[PDB]
Amino acid sequence: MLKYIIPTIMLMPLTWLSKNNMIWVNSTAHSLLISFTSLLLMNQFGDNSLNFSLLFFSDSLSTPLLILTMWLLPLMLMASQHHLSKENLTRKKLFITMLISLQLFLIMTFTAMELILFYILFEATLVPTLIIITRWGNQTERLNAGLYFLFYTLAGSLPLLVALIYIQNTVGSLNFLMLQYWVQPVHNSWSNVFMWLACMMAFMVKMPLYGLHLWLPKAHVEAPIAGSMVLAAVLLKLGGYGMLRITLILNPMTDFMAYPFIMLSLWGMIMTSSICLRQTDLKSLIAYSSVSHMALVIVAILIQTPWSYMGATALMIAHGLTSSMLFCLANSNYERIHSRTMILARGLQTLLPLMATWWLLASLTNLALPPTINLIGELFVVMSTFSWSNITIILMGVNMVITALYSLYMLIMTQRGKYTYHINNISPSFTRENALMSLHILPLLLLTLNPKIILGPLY
Amino acid sequence: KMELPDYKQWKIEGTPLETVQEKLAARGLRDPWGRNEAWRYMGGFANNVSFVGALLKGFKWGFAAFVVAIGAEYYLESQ
Amino acid sequence: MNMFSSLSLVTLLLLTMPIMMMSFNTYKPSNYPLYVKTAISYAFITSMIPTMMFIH
Amino acid sequence: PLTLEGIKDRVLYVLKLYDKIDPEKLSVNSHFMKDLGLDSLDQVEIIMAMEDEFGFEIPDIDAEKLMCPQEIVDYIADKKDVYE
Amino acid sequence: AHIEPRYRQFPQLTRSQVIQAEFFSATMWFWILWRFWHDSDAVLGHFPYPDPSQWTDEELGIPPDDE
Amino acid sequence: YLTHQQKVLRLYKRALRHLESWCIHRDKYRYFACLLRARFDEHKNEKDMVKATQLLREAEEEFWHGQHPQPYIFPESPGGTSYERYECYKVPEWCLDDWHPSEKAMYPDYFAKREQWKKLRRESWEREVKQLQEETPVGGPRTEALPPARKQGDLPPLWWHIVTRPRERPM
Amino acid sequence: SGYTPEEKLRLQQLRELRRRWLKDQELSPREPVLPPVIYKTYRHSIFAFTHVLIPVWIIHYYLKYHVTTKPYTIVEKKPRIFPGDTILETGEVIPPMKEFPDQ
Amino acid sequence: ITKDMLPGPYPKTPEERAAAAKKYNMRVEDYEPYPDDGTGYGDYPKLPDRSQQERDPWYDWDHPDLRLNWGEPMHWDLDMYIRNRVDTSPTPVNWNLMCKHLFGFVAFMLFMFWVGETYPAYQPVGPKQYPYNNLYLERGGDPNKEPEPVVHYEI
Amino acid sequence: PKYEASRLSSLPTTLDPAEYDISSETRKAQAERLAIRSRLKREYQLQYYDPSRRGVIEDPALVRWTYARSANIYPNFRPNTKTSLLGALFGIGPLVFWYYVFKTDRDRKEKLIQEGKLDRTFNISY
Amino acid sequence: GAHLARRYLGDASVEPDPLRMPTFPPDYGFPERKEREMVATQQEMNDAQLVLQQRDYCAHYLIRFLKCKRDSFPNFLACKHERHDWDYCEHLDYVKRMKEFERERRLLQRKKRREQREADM
Ligand SMILES: CCCCCCCCCCCCO[C@@H]1O[C@H](CO)[C@@H](O[C@H]2O[C@H](CO)[C@@H](O)[C@H](O)[C@H]2O)[C@H](O)[C@H]1O
Ligand SMILES: CCCCCCCCCCCCO[C@@H]1O[C@H](CO)[C@@H](O[C@H]2O[C@H](CO)[C@@H](O)[C@H](O)[C@H]2O)[C@H](O)[C@H]1O
Ligand SMILES: CCCCCCCCCCCCO[C@@H]1O[C@H](CO)[C@@H](O[C@H]2O[C@H](CO)[C@@H](O)[C@H](O)[C@H]2O)[C@H](O)[C@H]1O
Ligand SMILES: CCCCCCCCCCCCO[C@@H]1O[C@H](CO)[C@@H](O[C@H]2O[C@H](CO)[C@@H](O)[C@H](O)[C@H]2O)[C@H](O)[C@H]1O
Ligand SMILES: *C(=O)CCCCCCCCCCCCC
């Protein structure tokens with residue numbers, strides 16, 4: 001992975017040694033080049049994973065997440081450079097440095113072979129993320145959002161640290177390849193119940209599981225755009241990726257320990273989907289949409305079937321691009337009217353025709369129109385949960401109806417109807433904004449032509 | 001630019017608006033807007049077909065063609 | 001079979017061409033509706049050939 | 001394609017077919033109450049006849065203010081963006 | 001246009017629309033009459049419907065009571 | 001906010017429109033329109049206003065019982081089939097300020113005249129504000145009514161968004 | 001219950017401005033100043049060539065040389081065979097049905 | 001917006017009620033907060049539970065599509081009462097009568113369909129007869145197990 | 001036959017008996033309502049018509065509404081017999097309900113599979 | 001209809017059950033009852049690819065008609081004679097089913113009659 005770690009590190013001297021007026025041009029260009037080289041991780045085999053060294057390996061799960069991570073960095077620089085224009089040069093470079101350091105931690109997190117190494121990098125991503133929200137967030141409540149984000153994570157991740165160290169004492173290793181062969185079944189006992197909870201709760205809080213999700217709508221409403229993009233696109237998936245790995249060593253206890261969390265997710269997705277119908281803040285609505293989509297991923301991971309694991313992987317990639325798009329679309333309205341209230345600016349299709357097309361395409365992927373990878377992932381999960389229990393189709397089906405209602409409600413309210421009379425500063429869409437939208441949707445829709453590369457190891 | 005037809009020509013006499021005026025006079029009333037409706041009962045609008053007349057549009061020539069067609073068919077078969 | 005299958009697919013591909021031309025390649029916006037209407041009428045002709053083969 | 005004179009002709013055409021108005025003492029400035037001696041029930045019927053004539057509704061709050069043919073012509077020209 | 005609107009009067013009509021409309025109305029009635037002439041069974045009945053009460057006990061294999 | 005007279009005249013117009021919806025045929029509607037007008041005429045000169053209010057209340061109950069469940073609506077009236085149909089084509093005039101110079105170059109005459117209107121609006125605004133100040137009582141306006149211009153060369157206060165509103169058929 | 005004299009004056013003044021604004025929406029003669037049966041068959045001839053002949057060439061080439069070179073990609077229902085038919089592949093003759101009872 | 005212009009806790013004294021009414025641009029005689037339970041409405045006004053569709057469509061609203069005026073207090077459930085969503089307009093037929101007639105119609109039909117299944121219509125014919133042991137082989141029958149014969153006779 | 005109002009069908013204004021019995025005290029209140037509306041209308045129109053303005057006319061009523069519908073709830077929340085019973089009834093209850101629905105369904109299915117009475121003849125995708 | 005009124009309002013015991021009939025042996029009252037002949041063989045119907053519900057005792061007429069249709073293309077007004085022969089055969093088939101119903105009905109009425117005779121001693 002050094003071929004990706006080192007050029008990612010080199011982005012920092014590049015940004016600090018650039019001409020004052022070329023920091024965005026240089027950092028954007030070269031992080032796109034890094035993104036290009038990340039397609040070499042597609043050398044995946046039918047049986048064995050791509051095992052680079054003692055520290056890092058890649059397989060069909062981490063590879064799509066790695067490519068999404070490295071693609072998002074140039075998109076985040078594009079999205080941020082406008083609202084940061086007044087910021088002084090040194091603080092602009094510090095912002096870019098936090099984004100670069102976040103990518104470095106993420107690519108190491110997704111390829112770490114040893115689980116304790118994964119833990120440290122999994123935890124390291126908090127620091128830059130918290131700095132981005134609290135330092136460059138706009139409103140007073142970013143400080144509270146920083147605290148809720150920090151302490152929800154640590155409340156769960158500290159027990160995970162104890163469990164992981166305990167496993168290494170008992171098994172002798174935390175290398176994931178070793179655990180694949182030395183895994184022993186988890187017997188029933190109260191000690192093992194709490195070992196299971198310690199191994200899972202940290203990832204649940206990040207997903208987030210319904211009931212532990214209240215930190216996420218806060219974080220989004222306060223974060224700058226780049227913070228929201230990385231939060232929705234990648235940082236939520238640290239939980240899913242972690243769960244997909246650690247469930248290896250929790251069998252067969254997961255058979256019954258998953259029940260409370262399947263109930264929370266199955267009922268949670270309908271609650272959060274219903275909540276979206278009444279949200280008044282556009283960022284908050286998109287945030288609640290994420291909780292509903294990720295509730296599907298939790299269920300898929302917990303029932304552990306080949307179809308559910310393939311659907312979970314596709315959903316994680318598909319949601320990453322869609323939710324990042326939706327935040328970017330909402331932000332482009334914010335940069336004009338400086339309010340997140342959904343009902344403030346209406347009938348924008350009359351004033352911004354092409355931006356309304358991006359709004360339509362994003363909404364259609366959010367409601368999972370076939371054959372988008374959003375639908376492929378959701379469908380594979382629905383198929384597998386039907387076998388788990390036929391009654392789940394009723395809950396899955398109801399959520400599909402509610403998802404369409406709130407996705408189109410968001411499109412109708414902001415883009416259709418009559419424009420607001422007094423809002424007279426809706427200037428035409430910039431080339432930057434249009435390019436940013438298309439750099440989300442185009443790879444998303446292109447993936448429909450070759451979905452296998454985002455279906456994960458079980459493919 | 002547009003020539004409105006002379007307003008004086010619009011009279012209710014001979015139309016079913018005249019029947020209504022007679023009915024109203026039996027009660028001591030009068031309809032003052034009758035001439036504003038008169039155009040609907042005059043000119044090219046005076047005679048509309050009945051429902052059976054509407055369904056039979058084209059029946060005469062359809063029957064004429066049909067009769068000629070079967071007579072020809074009787075001839076060809078006869079030979 | 002070669003004519004039947006080839007012509008049945010050409011009907012569907014014919015209908016997608018006016019959509020592909022929205023990429024401003026060789027477009028004549030003056031009368032896009034006529035262009036779309038002409039594609040439908042030509043697709044109807046091509047679809048009658050395999051339809052005729054099925055009836056036979 | 002309505003014109004100001006076209007609107008005026010049709011407004012006066014309708015009023016000349018109303019039995020309660022003498023067609024010779026009617027001008028574009030005749031006041032329905034102070035000149036032609038009509039009452040408010042009569043005025044409501046006139047507005048309804050204009051609505052039928054031009055095929056659109058005049059709300060009660062605006063309708064009650066139109067008290068001469070010219071005001072009706074002005075009201076209709078405004079709603080229909082007629083400037084010639 | 002070649003058709004100018006009229007006020008409170010029957011509209012102007014072209015010969016094409018009147019002749020074409022009558023031809024297709026006449027075509028409808030010829031077709032019905034022509035089809036009814038040759039295919040009246042499609043409307044009235046193809047085959048006779050028998051009366052089951054007129055079938056003898058012999059042909060239905062009904063033995064006499066004392067059998 | 002409605003007087004007794006306004007309430008009666010609104011019911012008369014409303015009752016006739018529902019009557020017309022029931023009758024359909026013009027000769028039939030004319031007949032019953034005169035019968036209904038007679039009913040309003042018998043109580044035209046009622047003086048005891050308590051009785052007049054009771055007559056109005058009973059008439060409204062009668063209207064509610066006998067209203068058409070699907071009355072005729074003019075196409076562009078609220079609830080009509082063409083209501084708000086052309087709102088998607090109405091674009092505010094401030095959008096022309098964001099046109100690219102090459103777009104403006106296609107209509108040199110329109111945009112020269114547009115600048116004259118913007119100049120007129122700019123030079124009129126201060127006087128419009130002042131007129132409203134000096135004509136408004138201390139505690140602010142008590143009604144939504146606005147006044148005309150008083151001097152020559154003045155424009156009626158707050159005229160721009162009325163004069164420059166989108167056309168009813170803007171495309 | 002008509003306009004007050006002040007209402008009448010305001011409406012008249014706005015009406016003068018509105019009509020002037022609407023007149024100013026008319027395009028001048030030069031606007032928009034823009035920057036720099038034989039035919040019928042040919043129109044339909046070029047369309048048939050580019051939208052039927054070229055696509056069918058591509059589809060036939062694709063079906064013949066890529067799709068039908070793989071198993072079970074195009075599967076036909078086997079032709080119906082009736083009593084009295086002759087087979088082209090073998091020359092086999094299918095025997096007729098029995099003699100029908102009179103009816 | 002200062003904090004004195006933002007929603008506050010439920011008002012207790014009459015002076016708080018007057019202050020809250022003014023902040024919300026209401027007459028103190030009209031202002032009425034939601035009942036003080038644990039719900040969390042604070043001092044936000046309770047306004048009539050009416051759809052925006054019921055508002056006068058001919059008045060010159062600052063927001064014609066919503067039928068709202070700038071500065072007027074918004075109903076707590078305004079987003080549920082937009083014209084695209086819940087309507088509370090008067091109906092020509094009483095609500096309770098409509099529910100009676102609709103349910104009565106559906107219940108009657110379901111009963112008759114059940115009746116019609118118990119007493120089906122059919123023609124006076126015997127079963128359709130098929131050759132070759134009721135097409136035993138054609139219907140996928142096992143060709144190694146001889147079927148129990150099905151014989152049909154002339155009539 | 002009197003009009004019966006419902007939550008989703010309001011009483012028509014013309015059938016409202018309070019609509020006609022209008023006192024001088026009720027006309028005074030209607031005048032004060034129109035004064036507040038007119039005062040706000042003027043404040044809005046002075047900004048709406050200002051030729052030099054470009055942006056959004058911030059509406060405190062809209063800000064108060066979005067603030068009330070979120071940040072203002074918990075400060076004015078009191079744990080009591082109502083919110084606790086509604087909190088329990090619609091917070092824990094559905095999870096327990098669905099747990100038993102799915103748990104019962106899965107126990108029945110697993111018992112049939114082990115006994116070999118569930119038809120899984122062609123079931124090889126899961 | 002008529003038979004339905006008798007069964008549902010009248011005495012259901014003397015009316016056939018369309019879902020159970022026949023309830024008497026085929027040869028009961030029918031000395032030397034012949035078998036139904038079948039002209040088309042199983043292989044012929046299989047090769048002609050008739051719908052299973054069409055593989056009845058009239059299949060030979062349907063096969064003859066189907067061959068004519070293919071041979072007379074593009075003249076879709078031909079094969080009227082062959083179509084009528086198949087339609088007519090199906091009519092005779094339907095009449096035989098009417099005879100089975102009527103036979104069953106009269107046997108039930110005889111069964112009841114004998115039971116009145118038996119228990120009236
Ligand atoms: C033996 C241990 C020590 C190892 C040291 C190895 C590196 C030594 C580098 C010495 C030269 C550093 O150069 C010094 O810093 C930066 C980058 O050049 C320059 O100043 C910089 O300003 C801005 C960025 O802030 C940019 O326009 C551009 O990067 C540069 O002009 C200074 O004008 C220069 O004086
Ligand atoms: C279950 C696993 C995760 C559990 C995580 C729980 C740990 C605590 C997380 C939040 C820590 C924030 O720490 C502190 O919390 C309180 C509210 O909670 C915040 O305070 C906020 O809510 C309180 C209570 O309504 C208000 O009085 C206050 O005005 C408001 O700012 C503090 O400003 C913050 O400094
Ligand atoms: C395969 C065969 C299919 C059927 C083919 C049948 C073809 C028949 C063509 C008939 C053409 C008739 O054409 C139309 O006839 C009607 C007869 O009312 C004429 O209408 C006539 O009567 C009406 C009033 O009744 C008057 O306008 C006028 O006296 C006269 O025009 C039309 O002026 C003429 O245009
Ligand atoms: C081929 C058609 C097949 C479908 C036919 C279905 C028809 C079945 C209709 C059943 C529903 C009738 O329901 C019944 O209607 C009557 C008449 O309004 C109601 O009767 C009541 O309402 C009316 C009107 O307010 C009042 O006179 C009084 O309050 C009371 O009589 C009953 O309260 C209701 O229970
Ligand atoms: C005789 O050949 C049958 C004709 C069908 C008659 C159907 C009668 C329908 C009457 C209502 C059905 C009520 C439910 C039993």
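Indexing begins at 1, ligand by ligand and atom by atom, following the structure's order. In what follows, chains are A, B, ... by sequence order, proteins preceding strands, each numbered from 1.
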Do I:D16 and I:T13 have side-chain N/O donor and acceptor atoms under 3.5 Å apart? no

Review item, side-chain donor-acceptor pairs of residues 104-121 of chain H, under 3.5 Å, at least two apart:
from	atom 1	to	atom 2	distance (Å)
H:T118	OG1	H:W114	O	2.7

The complete set of side chain to side chain donor-acceptor pair (under 3.5 Å) pairs with one or both residues in residues 50-78 of chain B, sequence neighbours excluded, reads B:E73-E:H38

Give me each pair satisfying side chain to side chain donor-acceptor pair (under 3.5 Å) with a member in residues 27-36 of chain E, each pair once, sequence neighbours excluded. E:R35-E:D39

Determine whether the aromatic ring centres of residues H:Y24 and H:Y44 are separated by less than 6.0 angstrom. yes

Numbering as shown, the atoms of ligand 2 that approach A:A155 to under 4.0 Å (heavy-atom distance): 2 (C), 3 (C)

Among A:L216, A:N138, A:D281, find the residue that satisfies the side chain to side chain contact (heavy atoms under 4.5 Å, CB included) test when tested with A:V221. A:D281

Does the N or O separation between A:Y152 and ligand 2 drop below 3.5 Å for any pair? no

Those residues with a heavy-atom separation under 4.0 Å from ligand 3 are B:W61, E:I19, E:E22, E:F23, E:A26, E:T27, E:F30

Please report whether the ring centroid of B:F45 lies less than 6.0 Å from that of B:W39. yes

Does A:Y148, backbone or side chain, put an N or O under 3.5 Å from an N or O of ligand 2? yes

Are the ring centres of A:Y259 and A:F256 closer than 6.0 Å? no

What atoms in ligand 4 come closer than 4.0 Å to a heavy atom of H:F105? 4 (C), 6 (C)

Close N or O approach (H:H101, ligand 4; < 3.5 Å): yes

When the ring centroid of A:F122 is compared with that of A:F203, is the distance short of 6.0 Å? yes

Mind checking whether A:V205 contacts ligand 2 via backbone (N, CA, C, O), side chain (CB onward), both or neither, at a 4.0 Å heavy-atom cut-off? neither

